[PDB]
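Here is how the chains run, residue by residue.
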Protein chains: 2
Amino acid sequence: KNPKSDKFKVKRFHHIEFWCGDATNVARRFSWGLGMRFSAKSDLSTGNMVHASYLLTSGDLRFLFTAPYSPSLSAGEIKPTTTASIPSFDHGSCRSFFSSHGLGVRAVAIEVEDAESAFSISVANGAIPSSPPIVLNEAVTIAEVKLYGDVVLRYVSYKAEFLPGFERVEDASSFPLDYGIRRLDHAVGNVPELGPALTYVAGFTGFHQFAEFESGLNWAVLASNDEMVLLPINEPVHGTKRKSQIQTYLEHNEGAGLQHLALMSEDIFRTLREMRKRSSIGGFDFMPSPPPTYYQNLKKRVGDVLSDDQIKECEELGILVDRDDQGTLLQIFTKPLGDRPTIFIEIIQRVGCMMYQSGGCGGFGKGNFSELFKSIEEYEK
Amino acid sequence: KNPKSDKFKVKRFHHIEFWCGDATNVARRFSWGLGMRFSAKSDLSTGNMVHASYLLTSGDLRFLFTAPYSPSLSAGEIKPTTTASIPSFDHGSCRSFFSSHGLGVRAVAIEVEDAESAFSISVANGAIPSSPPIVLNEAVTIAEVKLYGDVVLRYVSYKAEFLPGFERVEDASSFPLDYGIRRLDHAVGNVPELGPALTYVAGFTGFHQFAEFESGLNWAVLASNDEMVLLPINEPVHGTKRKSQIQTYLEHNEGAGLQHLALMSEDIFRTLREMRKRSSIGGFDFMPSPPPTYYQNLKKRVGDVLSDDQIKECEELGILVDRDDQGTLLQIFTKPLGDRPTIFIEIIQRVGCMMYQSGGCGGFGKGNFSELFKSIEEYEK
Ligand SMILES: Cc1c(C(=O)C2=C(O)CCCC2=O)ccc2c1c(=O)n(Cc1cccc3ccccc13)c(=O)n2C
Ligand SMILES: Cc1c(C(=O)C2=C(O)CCCC2=O)ccc2c1c(=O)n(Cc1cccc3ccccc13)c(=O)n2C
Ligand SMILES: [Co+2]
Ligand SMILES: [Co+2]
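Its PDB header attributes the entry to X-ray crystallography and lists the resolution as 1.887 Å.

Next comes the structure, spelled out in structure tokens:
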């Protein structure tokens, strides 16, 4: 069931912005670890005396890394005279965010038809305003409302290159890395209480609950009209023998925030071979692979979708596989991206649901919780 | 002239500690950019609820990257019950340092015979105490005094693996990168006033001025008895046409601090080939190469030390060459290591002064200031 109840016209995920203490070092690590190219910058070299912001791209995926400079560099400026390319930026907010949460996502940005309208209708429908709509060089409009914790949902709309005041990056400094990652599939938040978080976000967006099919959590997924903007939300389940990883997140993050980003690959096998080659030379680590009983159970569940060869390749790379009633999901999880056991990345590929591929084809891996437990015990043999 | 006036027995540089907002991402970038192996860690996985610290090594060079966790993880602890492996660490100090300075060096650590004695004699001779001597697991003694700005000189002494409470890193996670870097040659500070900085540091160490042989700066080098611990210090020269890079440092750093680390390579050509291969894929960038007139002037100054082939190789890699009365210096400078135009790295190799090689053989590149200007104008032809 899809009521198509969006209160304003939503297009696609546009970008994700990390707030950092040093944007250079995070951006360079991510670039090499994920195979993303340096494509735009806004910093001292472009006249920005407020913040350093570096943009990585792979396909349609856009990762933005931003850190504050000394406030003294811009102490003479006022908002009407600011050199910041992102007018919502605030030194105090950024430093407070990073000292409270460590490295993580500040903004989940979606492109909309009209960012000013999205902002007003959102706020009219319960959204807590974060930064009012501002028109940049008469070309791009940017507005922000609170999403959860200190994460904002950022509306971006274009009259008609990333943002004004960003410069394309020199081709010498811009090496065309590509491991097959192509777009953001979903972005997932952890909160202490799922009900009120859902009521709030669905309340100001009109996003609807995405239909799906006892370990750790409860969740629900909010979706836009064409279900291409997908925002799952988790809450912890307390009292378990094994302490909820959602609760560990909340403790180490100092409250709610973004838990994982799921990046669609056009060839998850190429992506994982490439990322795994680089894990111990500056890239990203992956969670421990499932036991071979898990892959010794894959024939009976997806034997009609993947060959024996493609299954063995899943076993080599530690890939997980789930299926719903319309499609199949290949997925794998990184270890946390920084010091704290908080944010991590998921790589996914979806097969099925062809009409273009419909959003969320195969679900989000709900079945792999039960399957992982079962195969763990079967390998215990 | 070397009075050998050290007020306590100094051995060698031991390590350099960067204070970070996220230590994981800086450490992984540095590891790949410099070819340094992950060798020890102290973090949540080792029981440290206070700070995350990761150690990179290449030869005898030791780079330590440390960031604070949420204070809430250790709110129940007191100093007698701390889980920090570095007892001088303070959340408030670390966050204040990084927000004021951005990414940079907090500690220049030297190994001494007796860290408690070095501390007392230092403080008795004008050193401002930063952290008193503390004995770790009855095996290692650690003490800190102020050096300049918010940088400390850290004394480390061993009765008899890095520090207690650090764990050796798994060989899976520890890839044996090596681009030829072998030890720290010198560590250089920028201050507003050279005279008082020298009087202070030479005052509490007994370090002597290292003898050498109008662009930007004045400097002097402090040295230990065998001149293997080398601490140059710069001050800006004001009123120039070209604004002093020392003054730019002080403005963007919010005052005094460490300007560059000079890393000796056993094969600067291999090191620079390897680092330059990686500049645009997550490593380090290098300052703009000198004009070919500079290399077209190298025959007349070092033609007795480097072949024509070894000179052309200098031209390919952008290496600079200087000479004093006892030896020859090959050197090159990276662009800044992080967002701000503050700290950078120098790669060097020294040839001559064999007895072992004596410290500072060839100097620090004083002559390359005049030579660079001259060759710039000659290429202007
Ligand atoms: C993150 C995720 C998803 C996922 O994407 C996701 C959505 O998009 C929206 C719905 C809620 C949700 O969850 C699906 C399955 C997952 C994981 C995962 O993170 N984990 C890893 C793991 C969790 C705890 C403890 C662990 C201990 C060791 C190793 C892994 C651990 C899984 O096992 N499954 C099976
Ligand atoms: C950092 C250094 C040293 C050096 O090691 C050092 C010591 O150890 C102790 C003594 C003081 C000192 O200085 C020696 C020579 C150097 C540089 C250097 O940094 N630079 C780079 C540069 C400086 C300004 C403006 C620049 C603009 C563009 C490119 C480079 C620029 C040089 O040119 N020389 C020639
Ligand atoms: Co997911
Ligand atoms: Co130097």
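There is more to say after this.
So what's going on with the coordination of the cobalt ion (ligand 4)? Residues and values would help.
Looking at the metal site, the cobalt ion (ligand 4) is ligated by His-186 of chain B (NE2), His-260 of chain B (NE2) and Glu-346 of chain B (OE), spaced 2.0 to 2.3 Å from it. Each of the two residues, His-186 of chain B as well as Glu-346 of chain B, counts as buried.

Could you give an account of the domain arrangement of chain A, naming the residues involved and the relevant values?
Residues and elements named next belong to chain A. Domain annotation for chain A reports domain 1 (10–168) and domain 2 (181–379). Between the C-alpha centres of domain 1 and domain 2 there is a distance of 26 Å. Note on domain 1 versus domain 2: buried area summed over both sides is about 3300 Å², and carbon and sulfur give 66% of it. Broken down residue by residue, the surface that domain 1 buries against domain 2 is led by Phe-13, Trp-32 and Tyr-148, which jointly contribute 22%. Where domain 1 touches domain 2, the interface holds 1 salt bridge. For the salt bridge of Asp-226 with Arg-12, the shortest nitrogen-to-oxygen distance reads 2.9 Å. Put simply, the parts of the chain that give the side of domain 1 that touches domain 2 at least two residues each are strand 1 (10–19), helix 1 (23–34), strand 4 (61–68), helix 2 (91–101), strand 5 (104–112), strand 7 (140–148) and strand 8 (151–158). The element that contributes the greatest number of residues to the side of domain 1 that touches domain 2 is strand 1, accounting for 6 residues. Of the residues in the side of domain 1 that touches domain 2, the class split is 22 nonpolar, 11 polar and 6 charged.

Give a detailed account of the state of the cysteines, specifying residues and quantitative values.
One way to say it: the disulfide is the covalent bond shared by the sulfur atoms of two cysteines. All names here are of chain A. Counted according to the given criterion, the structure contains 2 disulfides over all chains. The residue that forms a disulfide with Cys-353 is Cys-361, at a sulfur-sulfur distance of 2.0 Å. Disulfide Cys-353-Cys-361: torsion about the S-S bond near 75°, hence right-handed. With relative accessibility at 12%, the residue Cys-353 sits in the buried group. Judged by its relative accessible area of 0%, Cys-361 is buried. In this structure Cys-94 is not part of a disulfide, and its nearest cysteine sulfur, from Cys-20, lies 7.7 Å away. Residue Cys-94 is classed as buried on the basis of its relative accessible area, which comes to 1%.

Describe in detail the site of ligand 1, supporting the description with residues and values.
All names here are of chain A. Around ligand 1, a shell composed of 16 residues is seen, among which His-186, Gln-245, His-260, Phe-333 and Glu-346 lie nearest. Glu-346 is positioned such that a nitrogen or oxygen atom in its side chain is 3.0 Å from an oxygen atom of ligand 1. In the complex, 80% of the free accessible area of ligand 1, which totals 650 Å², lies under the protein chains. Where the shell around ligand 1 is concerned, the elements lending two or more residues are strand 10 (181–190), strand 12 (217–223), strand 13 (230–236), strand 17 (344–352) and helix 10 (367–379).

For the UniProt feature "binding site: Fe cation" in chain A, give the residues involved together with the corresponding values.
Residues and elements named next belong to chain A. As annotated in UniProt, the feature "binding site: Fe cation" corresponds to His-186, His-260 and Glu-346 in the numbering used here. By the secondary structure assignment, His-186 is in strand 10. Each residue touching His-186, except ones within four places of it in the same chain, is listed here: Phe-13, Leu-230, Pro-232, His-260, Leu-261, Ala-262, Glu-346, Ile-348, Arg-350 and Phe-364. At 2.6 Å, the side chain of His-186 forms a polar contact with the side chain of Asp-185. One can find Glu-346 in strand 17. For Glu-346, a relative accessible area of 1% translates into the label buried. Discounting chain neighbours no more than four positions away, the residues touching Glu-346 are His-186, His-260, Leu-261, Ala-262, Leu-263, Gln-331, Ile-332 and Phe-333.

Describe the environment of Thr-248 of chain A, and please don't skip the residues or the numbers.
All names here are of chain A. Tracing the sequence through the fold places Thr-248 in helix 5 (residues 245–253). We classify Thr-248 as partly exposed; its relative accessible area is 22%. For the pair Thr-248 and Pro-236, spaced 12 residues apart in sequence, the C-alpha separation works out to 9.0 Å. Beyond its immediate sequence surroundings of up to four residues, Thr-248 is in contact with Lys-243 and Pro-341.

Explain unusual backbone geometry to me, using residue names and the numbers behind them.
Phi angles above zero are rare outside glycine, and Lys-4 of chain A is one such case at about 45°. Positioned with a positive phi, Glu-254 of chain B is a non-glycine residue whose angle comes to about 60°.

Talk me through the interface of chain A and chain B; I want residue IDs and the actual numbers.
Facing 43 residues of chain A, the contacting portion of chain B comprises 43 residues. Each partner contributes to the roughly 3300 Å² buried at the junction of chain A and chain B, and carbon and sulfur atoms together form 51% of this total. When residues of chain A are sorted by the area they lose upon contact with chain B, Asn-25, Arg-28 and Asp-339 of chain A head the list and together hold 23% of the total. For the pair chain A and chain B, the number of links is 2 salt bridges. Linking chain A with chain B are 22 residue pairs in polar contact, by the criterion used here. Residue assignment for the side of chain A that touches chain B shows that the elements contributing at least two residues are helix 1, strand 3 (51–58), strand 4, helix 2 and helix 5 of chain A. Residue contributions to the side of chain A that touches chain B peak at 8 residues, all from helix 1 of chain A. Of the residues in the side of chain A that touches chain B, the class split is 21 nonpolar, 13 polar and 9 charged.

About the thresholds
Residues numbered from 1 in each chain as written, not as in the entry; some residues may be left out. Chains lettered and ligands numbered in written order. Heavy atoms only, no water. Residues with missing side-chain atoms left out of burial classes, pairs and counts. Donors = N, O, S within 2.8 Å, 3.2 Å for Na, K, Ca; no water. Buried < 20%, exposed > 50% of the residue type's maximum accessible area, 1.4 Å probe, protein only. Domains from an automatic or database assignment. Buried area = accessible area lost by both parts, 1.4 Å probe. Salt bridge = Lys/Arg side-chain N within 4 Å of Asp/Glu carboxyl O. Helix = DSSP H or I, 4+ residues; strand = E, 2+ residues; numbered from the N terminus. Nonpolar A, V, L, I, M, F, W, Y, C, P; charged D, E, K, R; others polar. Disulfide = S-S within 2.5 Å. Near = heavy atom within 4 Å. Polar contact = N/O pair within 3.5 Å; in protein donor to acceptor, adjacent residues only side chain to side chain. Areas by Shrake-Rupley, 256 points an atom, 1.4 Å probe, with all protein chains shown as cover. UniProt positions renumbered as here; feature names shortened; annotations may be inferred. Contact = heavy atoms within 4.5 Å.

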